> 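Take a look at this one; I'll ask things after.
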Amino acid sequence: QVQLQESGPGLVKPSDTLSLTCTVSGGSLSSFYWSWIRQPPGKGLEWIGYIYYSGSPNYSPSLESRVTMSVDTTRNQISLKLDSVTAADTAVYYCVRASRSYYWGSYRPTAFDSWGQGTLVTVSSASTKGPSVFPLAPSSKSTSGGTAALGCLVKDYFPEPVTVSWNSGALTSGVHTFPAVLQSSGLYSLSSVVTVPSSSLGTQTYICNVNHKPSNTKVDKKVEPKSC
Amino acid sequence: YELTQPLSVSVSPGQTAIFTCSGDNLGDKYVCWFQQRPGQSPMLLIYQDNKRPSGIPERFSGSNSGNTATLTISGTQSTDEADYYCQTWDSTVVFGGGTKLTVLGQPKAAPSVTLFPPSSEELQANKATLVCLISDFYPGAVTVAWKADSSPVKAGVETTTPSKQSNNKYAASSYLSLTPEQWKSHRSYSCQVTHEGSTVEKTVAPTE
């Protein structure tokens with residue numbers, strides 16, 4: 001299975017050179033073109049450039065003087081570098097595969113046919129801050145009848161993103177993780193809740209797994225199933 | 001070179017949604033289409049005008065000739081709600097600005113509201129956050145106000161814009177930051193959620 005993984009999300013200082021890597025597994029670089037495509041928050045898609053392993057890269061005319069890409073066939077990686085970043089470069093950066101076929105008198109890219117999950121790059125001079133995670137205990141007052149809700153509050157982190165799983169992914173049903181609020185302080189908070197049947201509550205443990213890659217922090221907070 | 005796509009397209013449930021993408025002599029080029037569901041990576045739907053990769057059902061089809069390319073979704077479902085991008089190559093890669101698909105004719109749904117008091121661990125850290133989680137509402141717009149006892153609170157409130165959940169209803173959250181002393185000082189706090197002209201309120205009070 002050919003899978004694409006971008007290097008982890010985080011901060012870059014204004015004016016610095018952004019450096020990203022895409023690691024390809026489940027097959028070799030050599031068969032495909034490799035591109036980077038980015039998406040600023042609330043905006044559309046912007047192609048940055050592509051490369052073939054034995055060819056020369058080609059870049060967007062708009063980014064050409066600031067970007068480069070290269071391929072390392074022994075680590076099976078593609079890199080991106082982007083000079084002089086500003087807040088306009090804050091975006092999700094996707095590593096993107098394109099198939100190669102012959103048509104219209106050349107070998108050509110035919111389709112952006114496999115996209116990575118993307119890595120969120122936030123351009124800021126501020127420092128990172130990991131989350132403080134607090135348990136949200138279940139209430140003995142169901143409002144829907146027959147169910148309890150318990151959760152994790154993930155407080156005051158920077159930058160985005162944070163991901164949350166429950167019981168290492170073994171718990172999925174009734175899980176609801178809310179998008180983060182941006183506070184006036186410029187920090188983020190979010191919440192994740194699990195709804196579970198009343199009759200079911202306390203028959204196992206509930207652990208929220210909170211991942212904040214920008215600070216290389218992970219928290220596993222156990223929520224004791226006790227109402228007050 | 002530019003590709004022009006409308007900002008949004010809407011459809012009633014189970015029926016046919018048509019997306020247009022225009023550009024000068026677009027028919028001379030090959031067009032691809034991508035779908036991007038909220039909070040996910042784009043995914044290829046159509047390549048070379050009308051070909052489907054294996055995971056794309058036959059109810060998606062593409063066409064391209066003259067100055068216009070189209071994407072057609074038949075039997076459209078709420079879970080097809082997404083941004084749809086067209087794309088081509090003209091000396092360089094060009095993406096359209098994207099079209100947001102809304103599936104209308106959905107029944108209204110009142111918000112479910114869950115309000116959590118500050119945890120004991122947070123209070124011991126000398127902080128206090130009330131958490132008002134709001135889910136399962138349609139249409140996707142609410143306003144949220146807070147009260148300390150019966151009085152309006154302005155300071156310390158942070159509220160998200162609503163976002164789509166997986167069952168196709170919407171969710172939002174709102175937070176009230178207090179000092180431990182403010183939390184313990186009042187008889188109660190309430191999160192009031194207004195949806196389509198009517199309001200649900202939940203209340204919590206210091207315990208233990």
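Letters go in sequence order (proteins before strands), and every chain restarts at 1.
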> Tell me, out of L133(B), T161(B), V204(B), who's got the most heavy-atom pairs with chain A below 4.5 Å.
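The answer is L133(B).
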> What part of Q40(B) gets closer than 4.5 Å to chain A, counting heavy atoms only: side chain, backbone, both or neither?
backbone
> Heavy-atom pairs under 4.5 Å with chain B - which of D113(A), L45(A), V193(A), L136(A) has more of them than the others?
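Maximum pair count with chain B is reached by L45(A).
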> What part of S139(A) gets closer than 4.5 Å to chain B, counting heavy atoms only: side chain, backbone, both or neither?
neither
> In terms of heavy-atom proximity below 4.5 Å to chain A, should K51(B) be classed as side chain, backbone, both, or neither?
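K51(B) has no heavy atom closer than 4.5 Å to chain A.
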> Please state whether the side chain, the backbone, both or neither of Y30(B) comes within less than 4.5 Å of a heavy atom of chain A.
both
> Pick one of side chain, backbone, both or neither for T129(B), based on which atoms fall under 4.5 Å of a heavy atom in chain A.
side chain
> With chain B, which of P161(A), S60(A), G118(A), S184(A) has the greatest number of heavy-atom pairs at distances under 4.5 Å?
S184(A)
> Side chain, backbone, both or neither: which part of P109(A) has a non-hydrogen atom closer than 4.5 Å to chain B?
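The answer is the side chain of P109(A).
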> Non-hydrogen atoms of chain A under 4.5 Å away: do they reach the side chain of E208(B), the backbone, both or neither?
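It is the side chain, since no backbone atom gets that close.
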> Please name the pair of heavy atoms, one in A69(B) and one in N64(B), separated by the smallest distance, quoted to 0.1 Å.
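It is CB-OD1, 3.8 Å.
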> Should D156(A) and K127(B) count as an ion pair when the cut-off is N to O under 4.0 Å?
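Salt bridge: no.
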> For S7(A) and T119(A), work out which heavy atoms get closest and say how close.
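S7(A) and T119(A) have their closest heavy atoms at O-OG1, 2.9 Å.
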> Quick check on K155(A) against chain B: is it the side chain, the backbone, both or neither that has a heavy atom closer than 4.5 Å?
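Contact with chain B is through the side chain of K155(A) alone.
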> Find the one option among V92(A), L182(A), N58(A), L190(A) whose heavy-atom pairs under 4.5 Å with chain B are most numerous.
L190(A)
> Relative to chain A, which of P42(B), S163(B), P53(B), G97(B) shows the most heavy atom pairs under 4.5 Å?
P42(B)
> Counting only heavy atoms closer than 4.5 Å, note whether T159(B) contacts chain A via side chain, backbone, both or neither.
backbone
> For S189(A) and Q183(A), which I'm curious about, is there any donor-acceptor pair between the side chains at under 3.5 Å?
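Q183(A) and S189(A) do have a side-chain donor-acceptor pair below 3.5 Å.
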> Tell me whether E2(B) at atom CD has more than 12 heavy atoms from other residues, nucleotides or ligands lying less than 6.0 Å away.
no
> What part of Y94(A) gets within 4.5 angstrom of chain B, counting heavy atoms only: side chain, backbone, both, or neither?
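For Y94(A), side-chain heavy atoms alone lie under 4.5 Å from chain B.
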> Non-hydrogen atoms of chain A under 4.5 Å away: do they reach the side chain of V131(B), the backbone, both or neither?
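Looking at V131(B), just its side chain touches chain A.
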> Please check: side-chain N/O of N167(A) versus main-chain N/O of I207(A), any donor-acceptor pairing under 3.5 Å?
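Yes; judged by distance alone, with no hydrogens or angles, the pair exists.
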> Less than 6.0 angstrom from the centroid, inside 45 degrees of the normal: does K29(B) satisfy that with respect to the ring of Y1(B)?
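Satisfied, under 6.0 Å and within 45°.
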> Does the side chain of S185(B) pick up a donor-acceptor pair with the side chain of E181(B) at under 3.5 Å?
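There is no such pair between these side chains.
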> Would you please indicate yes or no on a ring centroid separation below 6.0 angstrom for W104(A) and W89(B)?
no
> Looking only at the side chains, is there a donor atom on one of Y84(B) and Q35(B) sitting less than 3.5 Å from an acceptor on the other?
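Checked: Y84(B)/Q35(B) side chains pair up, N/O donor to acceptor below 3.5 Å.
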> Looking only at the SG atoms, are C86(B) and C32(B) under 2.5 Å from each other?
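Their SG atoms do not fall under 2.5 Å; no disulfide, then.
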> Report which part of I134(B) has an atom under 4.5 Å of a heavy atom belonging to chain A: side chain, backbone, both, or neither.
backbone
